[PDB]
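A.B. asks: Below: the sequence, then the experimentally determined structure.
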Amino acid sequence: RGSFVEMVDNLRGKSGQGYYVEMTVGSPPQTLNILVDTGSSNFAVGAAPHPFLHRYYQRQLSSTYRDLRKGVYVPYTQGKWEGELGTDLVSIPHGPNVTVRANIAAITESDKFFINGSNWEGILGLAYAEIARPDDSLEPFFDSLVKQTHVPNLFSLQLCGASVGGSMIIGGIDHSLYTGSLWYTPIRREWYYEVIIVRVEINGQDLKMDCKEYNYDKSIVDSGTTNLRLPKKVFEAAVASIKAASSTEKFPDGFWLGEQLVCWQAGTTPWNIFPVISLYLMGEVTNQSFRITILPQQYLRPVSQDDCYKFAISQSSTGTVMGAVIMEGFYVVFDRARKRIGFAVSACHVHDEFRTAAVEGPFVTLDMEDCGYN
Ligand SMILES: NC1=N[C@](c2ccc(OC(F)F)cc2)([C@@H]2C[C@H]2C(=O)c2cncc(Cl)c2)CO1
Ligand code: NA
Ligand code: NA
């Protein structure tokens, strides 16, 4: 409890391409880099020589592979992966010193899934069985890990933005990774890591929307999404307020829609024209909330001889997505045992001399249960 030095710095990443952890599959162990994804629930790995892949799972080389004689087809947008299900022995070299027999989807065909030039070859879906493919009887990796070992039923993530890195602490918390106190919001339902946002402020100014809008049709914490994604109506209200706060300088209308970048010469980014963004989350106690605050350092993503940034807040039709834009400000504790998610100021988040990311409570917020969409 509290200190896991061997897992510190076990994540690496390229900006906008997610964070991955080294894993091994099969016997003898085959090493793969695997995207850490709290927004899905399948352990799926490249298993054929796709040109983009540095490497892939060669089941024929594993004496411990067991075929489940079942295929899985997984469309989404944009894209798809298809694979064959089995089990095999899985370890995390810079994780707990255990080995688990986990479900693995061997990806044999995909479209717009693997990224050309990325250093990961599969994804580790850390969410719950209710969104596993093909169905909730395919036990997710972390469920198997907890069933078969004594690893406590929780993990935590410190994503450090900018080559990026960070830490996945499996089975506990490392208090070096955060400053101040952890604040917890309930996991509303175990499918995604679903939470309830109860108030949104831009530079301290309330958007004053019916809070059910903030969670239309859900709000999730998702390490496998780059952006803060906001439901359309909330996004419209949000940019408008951000546009207004930031009007000392003017930017193309397309910038706010992510359709073009904006640049400034090096050292010349005007952070302070941009507002902070505060999400109040449902607390642990009736009528009690807390708030997490992020900087433009978080929602202006670095991507000419200038520092060009992408606006990393974007509209959504799947509800709010707290992606790397949120998570890079905080140490985030996925406290599965207590069905709650803790947030604390991250010891590694990017800021400036004037503003820091923040986690503050308690606040008095009534009718928070009304904020959840049904
Ligand atoms: N959270 C989420 N993960 C995704 C995903 C795609 C299929 C699934 O199938 C699953 F059921 F196996 C699951 C998740 C993508 C893997 C992520 C991805 O491609 C990505 C690209 N750039 C940056 C990041 Cl941070 C991630 C879609 O959104
Ligand atoms: Na256990
Ligand atoms: Na600390």
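C.D. replies: Arrived safely. Numbers count the residues shown, from 1 in each chain. Ligands and ions are numbered 1, 2, ... in the order given.
A.B. asks: my guess is residue 351 meets residue 294, correct?
C.D. replies: No - between residue 351 and residue 294 there is no contact, the gap being 9.8 Å when judged by C-beta atoms under 8 Å. C-betas here are computed from N, CA, C, even on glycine.
A.B. asks: who's more crowded, those two?
C.D. replies: Neighbours were counted for residue 351 and for residue 294 using other C-beta atoms under 10 Å; residue 294 has more, 25 against 17.
A.B. asks: that older thread, any shared contact partners between residue 351 and residue 294?
C.D. replies: Both residue 351 and residue 294 are in contact with residue 357, where contact means C-beta atoms under 8 Å, 6 or more residues apart in numbering.
A.B. asks: what number of residues lie near residue 272?
C.D. replies: Number of residues near residue 272 (other C-beta under 10 Å) recorded here: 12.
A.B. asks: can you pull the contacts of it?
C.D. replies: Residue 272 makes contact with 354-355, according to C-beta under 8 Å, 6+ apart.
A.B. asks: Which one of the residues in the stretch 101-250 of the chain is closest to ligand 3?
C.D. replies: Nearest residue of the stretch 101-250 of the chain to ligand 3: residue 175, at 4.2 Å (C-beta to the ion).
A.B. asks: which residues touch the closest residue to that residue other than its chain neighbours?
C.D. replies: Nearest non-adjacent residue to residue 175, counting by C-beta to C-beta, 6 or more residues apart in numbering: residue 2, 5.3 Å away. Residues in contact with residue 2 (C-beta under 8 Å, 6+ apart) are 172-175.
A.B. asks: go on, residue 26?
C.D. replies: For residue 26, the contact set (C-beta under 8 Å, 6+ apart) comprises 57-59, 61-65, 88-89.
A.B. asks: Equivalent analysis for residue 125, please.
C.D. replies: 37, 39-44, 132, 140-141.
A.B. asks: Distance to residue 225 and secondary structure for the residues you listed - can I get that in JSON lines?
C.D. replies: Shown next, in JSON lines, are those (distance: C-beta to C-beta, whole Å; DSSP: H, G, I helix; E, B strand; the rest coil):
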{"residue": "37", "distance to residue 225": "9", "secondary structure": "strand"}
{"residue": "39", "distance to residue 225": "6", "secondary structure": "coil"}
{"residue": "40", "distance to residue 225": "10", "secondary structure": "coil"}
{"residue": "41", "distance to residue 225": "15", "secondary structure": "coil"}
{"residue": "42", "distance to residue 225": "16", "secondary structure": "coil"}
{"residue": "43", "distance to residue 225": "18", "secondary structure": "strand"}
{"residue": "44", "distance to residue 225": "17", "secondary structure": "strand"}
{"residue": "132", "distance to residue 225": "18", "secondary structure": "coil"}
{"residue": "140", "distance to residue 225": "18", "secondary structure": "coil"}
{"residue": "141", "distance to residue 225": "19", "secondary structure": "helix"}
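A.B. asks: when you check ligand 1, which of the residues you listed turn up near it?
C.D. replies: When contact is defined as C-beta under 6 Å from any ligand atom, these meet ligand 1 at 37, 39-40, 42, 44.
A.B. asks: Could I get the residues you listed in a markdown table, plus columns for distance to residue 313 and neighbour count?
C.D. replies: Formatted as a markdown table, the ones next to ligand 1 among the contacts of residue 125 follow (distance: C-beta to C-beta, whole Å; neighbours: other C-beta atoms under 10 Å):
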| residue | distance to residue 313 | neighbour count |
| --- | --- | --- |
| 37 | 20 | 23 |
| 39 | 17 | 21 |
| 40 | 22 | 22 |
| 42 | 28 | 27 |
| 44 | 28 | 28 |
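A.B. asks: Out of these, which comes closest to residue 228?
C.D. replies: Nearest to residue 228 among the ones next to ligand 1 among the contacts of residue 125 is residue 39, at 13.3 Å by C-beta to C-beta.
A.B. asks: Using JSON lines, please lay out the contacts of residue 125 together with distance to residue 251.
C.D. replies: Compiled in JSON lines, the contacts of residue 125 are given as follows (distance: C-beta to C-beta, whole Å):
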{"residue": "37", "distance to residue 251": "32"}
{"residue": "39", "distance to residue 251": "29"}
{"residue": "40", "distance to residue 251": "33"}
{"residue": "41", "distance to residue 251": "38"}
{"residue": "42", "distance to residue 251": "39"}
{"residue": "43", "distance to residue 251": "41"}
{"residue": "44", "distance to residue 251": "38"}
{"residue": "132", "distance to residue 251": "41"}
{"residue": "140", "distance to residue 251": "42"}
{"residue": "141", "distance to residue 251": "42"}
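A.B. asks: Is the closest residue to ligand 1 within the stretch 201-350 of the chain in a helix, a strand, or coil?
C.D. replies: Nearest residue of the stretch 201-350 of the chain to ligand 1 (C-beta to the nearest ligand atom) works out as residue 224 at 2.8 Å. For residue 224, the assignment made with DSSP: H, G, I helix; E, B strand; the rest coil gives coil.
A.B. asks: which of the contacts of residue 26 are buried?
C.D. replies: 57, 59, 62, 64-65, 88-89 (16 or more other C-beta atoms under 10 Å).
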